[PDB]
Every structure is written in structure tokens, then in C-alpha cells.
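[1] An experimental structure, sequence included, is below.
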Amino acid sequence: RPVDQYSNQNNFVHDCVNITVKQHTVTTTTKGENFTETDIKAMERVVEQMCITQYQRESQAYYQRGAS
């Protein structure tokens, strides 16, 4: 089952949330390059949930532990 997104949870959070931080910061940089730790910390909050949401999505996808 390719839902290892839950299985590797701790490593997933570190790695995925980082790359999603990159994602969100990138878009928020191209929005006119403003962001600022205010926006960026706020970004990372949504970002950790961004990858964690997708990780919940994986678990629900197979219904490994599930997610609802």
C-alpha cells in the first residue's frame, strides 16, 4: 500500500512540511515579494497542515488507519 505517508509520519512532517513551506513561501514571494516572518510563520502553520492534510488524505485514501 502506497500510503506510507502515515507510516513515515515523523519524517514526513519534517520533510514534506519543509517543501510545502518552500512552496507557500515561493508563491507568497512571487505575490510581490513581501511575506515577512509574520506572513511566513503564518504560512508554515497552514503549511504543516498542508502536508499533514495530504498525509491524512493518504491514510483515508487506503483507509490504513483512515481519516475523517
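    Structure's in. What do you need? Residues are numbered from 1 along each chain as shown.
[2] mind checking how far stretch 5-17 is from the chain centre?
    9 Å (Cα atoms, centre = their mean, to the nearest Å).
[3] ah, wrong one, I meant stretch 56-68
    Centre-to-centre, stretch 56-68 and its host chain are 16 Å apart (Cα atoms, centre = their mean).
[4] Kindly export that stretch (C-alpha atoms) in PDB.
    The C-alpha trace of stretch 56-68 is given here as PDB (Å, rounded to 0.1, in the frame of the first residue of the first chain):
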ATOM      1  CA  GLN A  56      -4.400  12.400   6.200                       C
ATOM      2  CA  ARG A  57      -5.600  12.100   2.600                       C
ATOM      3  CA  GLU A  58      -3.200   9.200   2.100                       C
ATOM      4  CA  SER A  59      -4.400   7.400   5.200                       C
ATOM      5  CA  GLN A  60      -8.000   7.900   4.200                       C
ATOM      6  CA  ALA A  61      -7.100   7.000   0.600                       C
ATOM      7  CA  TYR A  62      -6.300   3.400   1.600                       C
ATOM      8  CA  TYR A  63      -8.100   3.600   4.900                       C
ATOM      9  CA  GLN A  64      -4.900   2.400   6.600                       C
ATOM     10  CA  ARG A  65      -5.800   4.000   9.900                       C
ATOM     11  CA  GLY A  66      -8.200   6.100   7.900                       C
ATOM     12  CA  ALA A  67      -9.000   9.700   8.100                       C
ATOM     13  CA  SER A  68     -12.300  11.500   8.800                       C
END
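[5] Which positions within that stretch qualify as buried?
    Residues of stretch 56-68 classed as buried: 56, 58, 59, 61, 67 (neighbour count, 16 or more other Cβ atoms under 10 Å). In short, each C-beta sits where N, CA and C put it, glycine included.
[6] quick one: contacts of it?
    For stretch 56-68, contacts defined as Cβ atoms under 8 Å, 6 or more residues apart in numbering pick out 1, 2, 3, 4, 5, 6, 7.
[7] Quick check: chain neighbours aside, which residue is closest to the most centrally placed residue in the chain?
    Centroid-nearest residue in the chain: residue 51, 2.1 Å away (criterion: Cα atoms, centre = their mean). In space, and not counting its chain neighbours, residue 51 is closest to residue 16: 3.7 Å by Cβ to Cβ, 6 or more residues apart in numbering.
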